[PDB]
Every structure is written in C-alpha cells, then in structure tokens.
Amino acid sequence: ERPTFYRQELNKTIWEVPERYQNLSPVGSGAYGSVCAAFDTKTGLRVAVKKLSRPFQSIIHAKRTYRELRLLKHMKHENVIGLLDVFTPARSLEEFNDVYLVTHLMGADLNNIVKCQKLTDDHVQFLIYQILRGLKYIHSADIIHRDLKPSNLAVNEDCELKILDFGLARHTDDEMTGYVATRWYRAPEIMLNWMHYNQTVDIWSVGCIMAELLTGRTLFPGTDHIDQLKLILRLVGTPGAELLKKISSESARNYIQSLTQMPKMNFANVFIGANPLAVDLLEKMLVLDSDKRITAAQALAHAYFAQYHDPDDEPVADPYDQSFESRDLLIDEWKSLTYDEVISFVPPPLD
Ligand SMILES: CC(C)c1nnc2ccc(-c3ocnc3-c3ccc(F)cc3)cn12
C-alpha cells in the first residue's frame, strides 16, 4: 500500500515522489516556493506539488511546517486551497526529513491575469463572490488569512478561484518597505500595529482588491507606510474619537492625532461609473474602524452578488484546534507531530 517512489533532480533538488505523479515541471519561477506542476494519473488532475524547504531547520521552521500542514489538512472548500495529497518517502520517523504537499494547479494568480485592467462588472461580481465565499469558510474556522492580495488568489481558465497562503507567519519577514505590493492590501491597524487585530483585517484587503478590479488601479499604492496611510485617510477620513480610544498603541494614537483631520470622501465620485451596488459594498468594506466593517457572511447576502448568492451553498468549517499555537515545543516534538499528520492523511474522494 506504500506507493513506489522515483527520483529526479528539479531546480537543483532531488525530488522523490510516488509514480502516480508524472511530468513534474517547475512553475512560478520561484515565486511560490519549490513548486512543480505535475499530472496526477490517479485523479487525472493537473496538480501543484510543493517540496518544503528546510522544514525542520529551527523550532520556528518546524512549527511553521506543522502549521501549514495543519491549515491545509483542515480546509475543504472549493474556494480554498487544500490537500489532495501529502507524502514523504521516509518509512519511519527516524528517516523523516522531507514533506511534499499536493493540491490543484490553478495555473495563474489574479494579479498575473488582470494587471492594468478594468474588468466587466460580472467578472468582478464572480471573483469577489468567490473570495468572500472562501473567506466566510476560513473565518468560521477562526483562521485569519492576514495576507490577502491578488498574488494569493489562484485562478483557472474558467475564472474559478481558490485562496492561497492563509493563516501563515511567512509574510512577516519579506519586505514591507517602500513602494511594494506586499503592503498595499494591508488594513491600517495591522500595517501600523494599532491594536490586537482580527479577522476583519481581511475584509479591508477584499475592499482593496475589489476597487482595483473595478478601476484597473491599485487603490492604495503607497511609496511607504506613511504615504500609504495618507492615501487611506484621504479616502476614508481620519479616525474619530471612538476609534482613537480603541487604538491601544499610545505611540500610534499620538502620531495619528498630529494629522490634519479630513472627512470621508464620497465613494460615487471616487468610483465614477461603477455599479451603485459595488460602491455601496466598497463603502461597507473600507471602513477605517475594523469593528464596523461588513463580515464575509454578511457581504455574501449583499445585493451586488444576487446572481451568485445561495445560503445553502456557502458552507462553514469544522472547528479548528489552534491550541498548538501557544505550545512551547522542541524541534523533534514539532517534527513528530508533523510526521503523525502526514501518516494519518486521508485522500478526498475521487468522483
Ligand atoms: C500558478 C500558481 C498561482 C498556482 N496555481 N495553483 C496553485 C496551487 C498552489 C500554489 C502554491 O503557492 C504557494 N504554495 C502553494 C501550494 C500549497 C499547497 C500545496 F499542496 C501545493 C502548493 C500555487 N498555485
């Protein structure tokens, strides 16, 4: 019942994978990590196979490995990247070193489809509907994406969409400095560490994506953190007395107060000629105070999506046990937990 594995070198690594996966070919030019498109002969799908780099290099990497595998195993929703397969060539814990993860190969990201382009109003509707449908599922598991942006949205030829890279630490270290897209979708409370934030950060990111799909333009392309914040307050107004109380960082509060106050702008004059229902939705997403943003479950019931909305086809998730997050473990302990999670994996049904 353990498959037969075969070896090859791909992008200077030895990849050892079950024979069911044929014709492995690097994709994304390193942008997604060590990932190969392959043909899965068992399901007949084109799949993306990721070989984790340095999975057990430090306590921090070990845990990051475990976390990503936990997150992927839990997700079973059409608009969320999940696991078709997870394997290692190792036959015991003692020889366990590498982890390979397998999911559907969508083929492109939103970003590398829609660069510089206003999309038709039904393409916007359909794409945002799907982001919000996947997001309602993710949030119902108490998972926060934290890094939603076009590059993290994997889209296929039929404009079907799956959300990538949710709930990871990873986005931390790579650069958020200067004129960089890694920062343009971030909610201001997380960009400037205003407070203990939560899942509402992601609705901000949805707003920013939706605007950009409408206009063809990045909504807040700041040259840095401070220039971006000025872009943001110009549109959505400076914080009022109520939000200021909630900015638990005295440092941030004190800098915000130094800015000339500005009223919210009129979204109908900003998004000239766009569906009024779209405007109204963006107004509900791009609210400076996170507590007041629309939720994904609520946005799905908004009239903009009336063509796609179906409350019996917008599932929620099983509860996700993230107690491990507060556990203080050694490398070998995270590695063994990870091993158990590999070994116990159950394939989805092939129809
Ligand atoms: C072209 C590109 C955007 C793309 N298309 N489909 C996909 C699918 C996945 C990934 C991916 O990006 C970063 N990590 C992964 C990943 C995650 C889990 C897994 F099992 C295998 C790979 C990229 N994809």
# chains A, B, ... in the order shown; residues from 1 in each chain; ligands from 1
$ closest_atom_pairs --of "chain A" --to "ligand 1" --cutoff "6 Å" --atoms "only C-alpha atoms and all ligand atoms" --output "JSON lines"
{"residue": "A:28", "atom": "CA", "partner": "ligand 1", "partner_atom_place_in_ligand_line": "1 (C)", "distance": 5.8}
{"residue": "A:32", "atom": "CA", "partner": "ligand 1", "partner_atom_place_in_ligand_line": "13 (C)", "distance": 4.2}
{"residue": "A:48", "atom": "CA", "partner": "ligand 1", "partner_atom_place_in_ligand_line": "21 (C)", "distance": 4.9}
{"residue": "A:49", "atom": "CA", "partner": "ligand 1", "partner_atom_place_in_ligand_line": "21 (C)", "distance": 4.8}
{"residue": "A:50", "atom": "CA", "partner": "ligand 1", "partner_atom_place_in_ligand_line": "21 (C)", "distance": 4.5}
{"residue": "A:83", "atom": "CA", "partner": "ligand 1", "partner_atom_place_in_ligand_line": "20 (F)", "distance": 5.3}
{"residue": "A:101", "atom": "CA", "partner": "ligand 1", "partner_atom_place_in_ligand_line": "20 (F)", "distance": 3.8}
{"residue": "A:102", "atom": "CA", "partner": "ligand 1", "partner_atom_place_in_ligand_line": "20 (F)", "distance": 3.6}
{"residue": "A:103", "atom": "CA", "partner": "ligand 1", "partner_atom_place_in_ligand_line": "20 (F)", "distance": 4.1}
{"residue": "A:104", "atom": "CA", "partner": "ligand 1", "partner_atom_place_in_ligand_line": "8 (C)", "distance": 5.6}
{"residue": "A:105", "atom": "CA", "partner": "ligand 1", "partner_atom_place_in_ligand_line": "6 (N)", "distance": 3.7}
{"residue": "A:106", "atom": "CA", "partner": "ligand 1", "partner_atom_place_in_ligand_line": "6 (N)", "distance": 3.7}
{"residue": "A:107", "atom": "CA", "partner": "ligand 1", "partner_atom_place_in_ligand_line": "1 (C)", "distance": 4.1}
{"residue": "A:108", "atom": "CA", "partner": "ligand 1", "partner_atom_place_in_ligand_line": "1 (C)", "distance": 4.0}
{"residue": "A:109", "atom": "CA", "partner": "ligand 1", "partner_atom_place_in_ligand_line": "3 (C)", "distance": 4.4}
{"residue": "A:154", "atom": "CA", "partner": "ligand 1", "partner_atom_place_in_ligand_line": "3 (C)", "distance": 4.7}
$ residues_around --residues "residue 211 of chain A" --least-positions-apart "4" --cutoff "12 Å" --atoms "only C-alpha atoms" --output "count of residues only"
33
$ closest_residue --among "A:172, A:92, A:79, A:29" --to "residue 134 of chain A" --atoms "only C-alpha atoms"
A:79
$ closest_residue --among "A:333, A:180, A:136, A:162" --to "residue 296 of chain A" --atoms "only C-alpha atoms"
A:136
$ select_by_dssp --residues "segment 13-88 of chain A" --states "strand (DSSP E or B)" --output "list in words"
residues 13, 14, 15, 16, 17, 18, 21, 22, 23, 24, 25, 26, 35, 36, 37, 38, 39, 40, 46, 47, 48, 49, 50, 51, 80, 85, 86 and 87 of chain A
$ write_last_selection --atoms "N, CA and C atoms" --output "tab-separated table (two decimals), in the first residue's frame"
chain	number	residue	atom	x	y	z
A	13	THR	N	17.20	20.46	-6.65
A	13	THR	CA	16.82	19.48	-5.59
A	13	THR	C	16.55	18.08	-6.14
A	14	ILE	N	16.85	17.06	-5.35
A	14	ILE	CA	16.30	15.74	-5.59
A	14	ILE	C	14.83	15.73	-5.14
A	15	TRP	N	13.91	15.54	-6.09
A	15	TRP	CA	12.51	15.25	-5.81
A	15	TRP	C	12.28	13.75	-5.92
A	16	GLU	N	11.87	13.13	-4.80
A	16	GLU	CA	11.42	11.76	-4.76
A	16	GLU	C	9.89	11.67	-4.50
A	17	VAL	N	9.11	11.27	-5.51
A	17	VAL	CA	7.63	11.33	-5.43
A	17	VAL	C	7.02	10.01	-5.88
A	18	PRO	N	5.84	9.63	-5.41
A	18	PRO	CA	5.14	8.48	-5.99
A	18	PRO	C	4.99	8.51	-7.51
A	21	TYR	N	2.52	10.55	-9.86
A	21	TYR	CA	2.76	11.94	-10.33
A	21	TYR	C	3.84	11.93	-11.42
A	22	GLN	N	3.41	12.30	-12.62
A	22	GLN	CA	4.23	12.30	-13.80
A	22	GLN	C	4.47	13.71	-14.32
A	23	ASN	N	5.58	13.89	-15.05
A	23	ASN	CA	5.84	15.13	-15.79
A	23	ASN	C	5.94	16.39	-14.95
A	24	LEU	N	6.73	16.29	-13.87
A	24	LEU	CA	6.93	17.38	-12.94
A	24	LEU	C	7.73	18.42	-13.69
A	25	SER	N	7.34	19.68	-13.46
A	25	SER	CA	7.90	20.81	-14.16
A	25	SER	C	7.82	22.00	-13.20
A	26	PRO	N	8.92	22.65	-12.81
A	26	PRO	CA	8.81	23.89	-12.00
A	26	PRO	C	7.85	24.93	-12.56
A	35	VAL	N	7.83	24.60	-6.10
A	35	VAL	CA	6.57	24.06	-6.56
A	35	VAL	C	6.69	23.60	-8.04
A	36	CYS	N	6.08	22.43	-8.33
A	36	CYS	CA	6.09	21.79	-9.63
A	36	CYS	C	4.67	21.51	-10.00
A	37	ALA	N	4.34	21.77	-11.26
A	37	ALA	CA	3.08	21.31	-11.87
A	37	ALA	C	3.36	19.84	-12.15
A	38	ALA	N	2.40	18.95	-11.93
A	38	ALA	CA	2.55	17.59	-12.40
A	38	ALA	C	1.22	17.13	-12.90
A	39	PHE	N	1.21	15.98	-13.55
A	39	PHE	CA	-0.01	15.30	-13.93
A	39	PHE	C	-0.21	14.17	-12.90
A	40	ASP	N	-1.34	14.19	-12.19
A	40	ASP	CA	-1.72	13.12	-11.27
A	40	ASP	C	-2.56	12.03	-11.99
A	46	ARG	N	-4.37	18.10	-13.09
A	46	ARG	CA	-3.10	18.83	-13.00
A	46	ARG	C	-2.97	19.36	-11.58
A	47	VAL	N	-1.83	19.08	-10.97
A	47	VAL	CA	-1.66	19.36	-9.54
A	47	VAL	C	-0.41	20.20	-9.35
A	48	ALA	N	-0.30	20.87	-8.19
A	48	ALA	CA	0.89	21.59	-7.81
A	48	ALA	C	1.47	20.86	-6.64
A	49	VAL	N	2.73	20.47	-6.76
A	49	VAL	CA	3.38	19.67	-5.74
A	49	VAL	C	4.43	20.56	-5.11
A	50	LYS	N	4.30	20.85	-3.81
A	50	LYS	CA	5.33	21.68	-3.14
A	50	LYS	C	6.25	20.84	-2.25
A	51	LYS	N	7.58	20.96	-2.46
A	51	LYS	CA	8.57	20.36	-1.55
A	51	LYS	C	9.03	21.43	-0.56
A	80	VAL	N	-10.94	27.49	-1.51
A	80	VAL	CA	-9.80	27.48	-0.64
A	80	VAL	C	-8.88	26.38	-1.04
A	85	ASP	N	-3.02	15.57	-1.57
A	85	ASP	CA	-2.09	14.56	-1.06
A	85	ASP	C	-1.03	15.20	-0.18
A	86	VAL	N	-0.55	14.45	0.79
A	86	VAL	CA	0.69	14.77	1.44
A	86	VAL	C	1.57	13.52	1.59
A	87	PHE	N	2.83	13.58	1.25
A	87	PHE	CA	3.61	12.36	1.38
A	87	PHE	C	5.04	12.69	1.78
$ closest_residue --among "A:61, A:309, A:149, A:335" --to "residue 129 of chain A" --atoms "only C-alpha atoms"
A:309
$ atom_distance --atom1 "atom CA of residue 298 of chain A" --atom2 "atom CA of residue 77 of chain A"
18.5 Å
$ decode --residues "segment 148-230 of chain A" --atoms "C-alpha atoms" --output "short mmCIF file (atom, residue, chain, number, x, y, z; two decimals), in the first residue's frame"
data_model
loop_
_atom_site.label_atom_id
_atom_site.label_comp_id
_atom_site.auth_asym_id
_atom_site.auth_seq_id
_atom_site.Cartn_x
_atom_site.Cartn_y
_atom_site.Cartn_z
CA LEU A 148 -4.95 38.50 1.16
CA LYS A 149 -3.85 40.11 -2.10
CA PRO A 150 -4.16 39.21 -5.88
CA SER A 151 -1.00 37.16 -5.95
CA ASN A 152 -2.55 34.95 -3.20
CA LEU A 153 -5.56 34.23 -5.31
CA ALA A 154 -5.14 31.31 -7.69
CA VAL A 155 -7.39 31.44 -10.71
CA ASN A 156 -8.10 28.97 -13.53
CA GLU A 157 -9.27 29.33 -17.19
CA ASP A 158 -12.94 29.35 -16.14
CA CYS A 159 -12.37 32.22 -13.66
CA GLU A 160 -12.79 29.81 -10.72
CA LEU A 161 -10.73 30.92 -7.73
CA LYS A 162 -9.01 29.37 -4.74
CA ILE A 163 -7.43 31.33 -1.86
CA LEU A 164 -3.75 30.62 -1.14
CA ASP A 165 -1.38 31.23 1.77
CA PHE A 166 -3.96 31.77 4.55
CA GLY A 167 -3.04 31.85 8.24
CA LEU A 168 0.76 31.72 7.79
CA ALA A 169 3.51 33.51 9.61
CA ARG A 170 5.71 33.57 6.41
CA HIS A 171 4.63 37.11 5.12
CA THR A 172 6.33 38.66 8.20
CA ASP A 173 9.97 38.80 7.07
CA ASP A 174 9.95 39.53 3.28
CA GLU A 175 9.90 43.24 2.69
CA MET A 176 7.05 45.59 3.51
CA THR A 177 9.31 48.57 2.91
CA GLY A 178 8.78 51.17 0.19
CA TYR A 179 6.71 51.04 -2.99
CA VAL A 180 5.75 47.38 -2.68
CA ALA A 181 2.57 45.44 -3.42
CA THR A 182 3.25 43.20 -0.32
CA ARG A 183 1.83 46.13 1.75
CA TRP A 184 -0.81 47.80 -0.45
CA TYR A 185 -3.65 45.46 0.64
CA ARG A 186 -2.93 45.56 4.40
CA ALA A 187 -5.51 47.06 6.80
CA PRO A 188 -4.13 50.16 8.51
CA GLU A 189 -4.47 48.66 12.05
CA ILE A 190 -2.14 45.81 11.06
CA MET A 191 0.14 47.93 8.84
CA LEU A 192 0.91 50.24 11.78
CA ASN A 193 0.19 47.80 14.66
CA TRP A 194 -2.65 49.91 16.05
CA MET A 195 -4.10 47.08 18.22
CA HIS A 196 -4.66 43.34 18.68
CA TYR A 197 -6.28 42.85 15.31
CA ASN A 198 -8.59 40.15 14.00
CA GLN A 199 -10.39 38.64 11.03
CA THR A 200 -11.77 41.98 9.91
CA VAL A 201 -8.27 42.78 8.53
CA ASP A 202 -9.11 40.52 5.64
CA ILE A 203 -12.28 42.41 4.69
CA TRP A 204 -10.16 45.52 4.23
CA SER A 205 -7.96 43.54 1.78
CA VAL A 206 -11.11 42.45 -0.08
CA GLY A 207 -12.17 46.07 -0.44
CA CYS A 208 -8.73 46.92 -1.91
CA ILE A 209 -8.88 44.03 -4.36
CA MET A 210 -12.48 44.83 -5.40
CA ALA A 211 -11.64 48.53 -6.05
CA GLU A 212 -8.63 47.55 -8.17
CA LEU A 213 -10.65 45.11 -10.25
CA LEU A 214 -13.14 47.94 -10.94
CA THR A 215 -10.79 50.71 -11.84
CA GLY A 216 -7.82 48.89 -13.11
CA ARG A 217 -5.76 50.69 -10.44
CA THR A 218 -4.16 49.78 -7.11
CA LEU A 219 -6.33 51.54 -4.54
CA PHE A 220 -3.53 52.48 -2.10
CA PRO A 221 -0.11 52.18 -3.87
CA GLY A 222 1.82 53.97 -1.06
CA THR A 223 5.57 54.68 -1.51
CA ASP A 224 5.94 53.72 2.13
CA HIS A 225 3.92 53.06 5.29
CA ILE A 226 3.31 56.77 5.94
CA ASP A 227 2.45 57.67 2.36
CA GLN A 228 0.03 54.70 2.24
CA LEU A 229 -1.64 55.78 5.43
CA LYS A 230 -2.11 59.28 3.97
#
